[PDB]
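Enquirer: Here you go, one structure.
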Amino acid sequence: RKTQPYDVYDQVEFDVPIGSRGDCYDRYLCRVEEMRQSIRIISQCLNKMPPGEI
Amino acid sequence: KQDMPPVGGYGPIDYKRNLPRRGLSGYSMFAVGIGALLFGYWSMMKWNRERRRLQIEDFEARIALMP
């Protein structure tokens, strides 16, 4: 998502959670932490929508 | 010309993570526990010792009869 583009998707800012060790409990904690970071990409998306065509 | 986004009115909501409320820890506990437990045994020796006195009275009525 930030080594290739999709869309106008470069114009948002967020960080990509990493794990320390290599087990299930620290690939669990990505999924809890990505849900907090998805609220940031929604709240950054309401401010930016240009009116226009579809 | 009827399209969505407002001119203003926003938050946002946080991305944060916090509820570390302490909590009565760290030598406060292990001190209310022992202070409660020693009140228990102090409430013993006033009943178990006292029941031992009425116990001998119960044997007393036996021995004053049976000739």
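By order in the structure tokens, chains are A, B, ...; within a chain, residues start at 1; ligands start at 1, following the order shown.
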Neighbours of residue 46 in chain A within 10 Å (only C-alpha atoms; same-chain residues fewer than 3 positions away dropped), as a PyMOL selection string?
Expert: (chain A and resi 41-43+49) or (chain B and resi 4-6+10)
Enquirer: For C-alpha atoms, I'd like the residues from the last selection saved as a tab-separated table (two decimals), in the first residue's frame.
Expert:
```tsv
chain	number	residue	atom	x	y	z
A	41	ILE	CA	-7.47	6.55	7.31
A	42	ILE	CA	-11.27	7.01	7.52
A	43	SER	CA	-11.08	10.29	9.44
A	49	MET	CA	-13.56	14.24	-1.11
B	4	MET	CA	-21.81	15.64	0.78
B	5	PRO	CA	-18.81	17.01	2.63
B	6	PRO	CA	-19.38	19.63	5.34
B	10	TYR	CA	-15.11	17.36	13.14
```
Enquirer: For chain A, list the residues within 10 Å of chain B, counting only C-alpha atoms, and write the list as a list in words.
Expert: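 On the chain A side, the interface is residues 33, 35, 36, 37, 38, 39, 40, 43, 44, 46, 47, 48, 49, 50, 51 and 52 of chain A.
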Enquirer: Would you export the selected residues with N, CA and C atoms as a PDB file, in the first residue's frame, please?
Expert:
```pdb
ATOM      1  N   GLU A  33      -4.092  -3.787  16.131  1.00  0.00           N
ATOM      2  CA  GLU A  33      -3.490  -2.478  15.953  1.00  0.00           C
ATOM      3  C   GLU A  33      -3.845  -1.873  14.602  1.00  0.00           C
ATOM      4  N   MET A  35      -6.773  -2.052  13.273  1.00  0.00           N
ATOM      5  CA  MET A  35      -8.118  -1.506  13.395  1.00  0.00           C
ATOM      6  C   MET A  35      -8.092  -0.108  13.993  1.00  0.00           C
ATOM      7  N   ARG A  36      -7.077   0.194  14.796  1.00  0.00           N
ATOM      8  CA  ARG A  36      -6.934   1.564  15.261  1.00  0.00           C
ATOM      9  C   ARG A  36      -6.381   2.443  14.156  1.00  0.00           C
ATOM     10  N   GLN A  37      -5.541   1.881  13.289  1.00  0.00           N
ATOM     11  CA  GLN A  37      -4.991   2.675  12.203  1.00  0.00           C
ATOM     12  C   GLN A  37      -5.961   2.839  11.048  1.00  0.00           C
ATOM     13  N   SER A  38      -7.009   2.026  10.984  1.00  0.00           N
ATOM     14  CA  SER A  38      -7.983   2.195   9.919  1.00  0.00           C
ATOM     15  C   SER A  38      -8.955   3.317  10.248  1.00  0.00           C
ATOM     16  N   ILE A  39      -9.124   3.623  11.534  1.00  0.00           N
ATOM     17  CA  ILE A  39      -9.916   4.780  11.931  1.00  0.00           C
ATOM     18  C   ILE A  39      -9.219   6.062  11.496  1.00  0.00           C
ATOM     19  N   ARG A  40      -7.885   6.057  11.496  1.00  0.00           N
ATOM     20  CA  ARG A  40      -7.147   7.236  11.062  1.00  0.00           C
ATOM     21  C   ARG A  40      -7.286   7.473   9.563  1.00  0.00           C
ATOM     22  N   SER A  43     -10.926   8.903   9.017  1.00  0.00           N
ATOM     23  CA  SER A  43     -11.076  10.293   9.436  1.00  0.00           C
ATOM     24  C   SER A  43     -10.277  11.239   8.553  1.00  0.00           C
ATOM     25  N   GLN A  44      -9.252  10.729   7.884  1.00  0.00           N
ATOM     26  CA  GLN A  44      -8.512  11.514   6.914  1.00  0.00           C
ATOM     27  C   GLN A  44      -9.194  11.517   5.549  1.00  0.00           C
ATOM     28  N   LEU A  46     -12.731  11.714   5.106  1.00  0.00           N
ATOM     29  CA  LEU A  46     -13.946  12.524   5.091  1.00  0.00           C
ATOM     30  C   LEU A  46     -13.654  13.968   4.717  1.00  0.00           C
ATOM     31  N   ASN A  47     -12.441  14.432   4.976  1.00  0.00           N
ATOM     32  CA  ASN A  47     -12.076  15.819   4.751  1.00  0.00           C
ATOM     33  C   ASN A  47     -11.712  16.125   3.311  1.00  0.00           C
ATOM     34  N   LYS A  48     -11.501  15.117   2.478  1.00  0.00           N
ATOM     35  CA  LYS A  48     -10.762  15.338   1.249  1.00  0.00           C
ATOM     36  C   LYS A  48     -11.559  15.089  -0.018  1.00  0.00           C
ATOM     37  N   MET A  49     -12.809  14.651   0.076  1.00  0.00           N
ATOM     38  CA  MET A  49     -13.565  14.237  -1.108  1.00  0.00           C
ATOM     39  C   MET A  49     -13.924  15.414  -1.998  1.00  0.00           C
ATOM     40  N   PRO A  50     -13.426  15.481  -3.226  1.00  0.00           N
ATOM     41  CA  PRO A  50     -13.842  16.542  -4.122  1.00  0.00           C
ATOM     42  C   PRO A  50     -15.217  16.247  -4.686  1.00  0.00           C
ATOM     43  N   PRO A  51     -16.100  17.234  -4.727  1.00  0.00           N
ATOM     44  CA  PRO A  51     -17.332  17.065  -5.492  1.00  0.00           C
ATOM     45  C   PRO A  51     -17.017  16.965  -6.973  1.00  0.00           C
ATOM     46  N   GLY A  52     -17.815  16.175  -7.670  1.00  0.00           N
ATOM     47  CA  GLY A  52     -17.594  15.943  -9.080  1.00  0.00           C
ATOM     48  C   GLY A  52     -18.404  14.755  -9.559  1.00  0.00           C
TER      49      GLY A  52
END
```
Enquirer: Looking only at helix (DSSP H, G or I) from DSSP on the backbone, list the matching residues of chain B as a PyMOL selection string.
Expert: chain B and resi 32-43+48-64
Enquirer: Fewer than 5 positions away in the same chain doesn't count, so skip those; otherwise give me all residues within 9 Å of residue 30 in chain A, counting only C-alpha atoms, as a ChimeraX atom specification.
Expert: /A:16-19,35
Enquirer: Write a file of the selected residues as a PDB file, in the first residue's frame, keeping C-alpha atoms.
Expert:
```pdb
ATOM      1  CA  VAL A  16       2.215  -0.117   9.322  1.00  0.00           C
ATOM      2  CA  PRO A  17       2.372  -2.216  12.525  1.00  0.00           C
ATOM      3  CA  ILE A  18       5.193  -4.747  12.910  1.00  0.00           C
ATOM      4  CA  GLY A  19       5.744  -7.691  15.236  1.00  0.00           C
ATOM      5  CA  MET A  35      -8.118  -1.506  13.395  1.00  0.00           C
TER       6      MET A  35
END
```
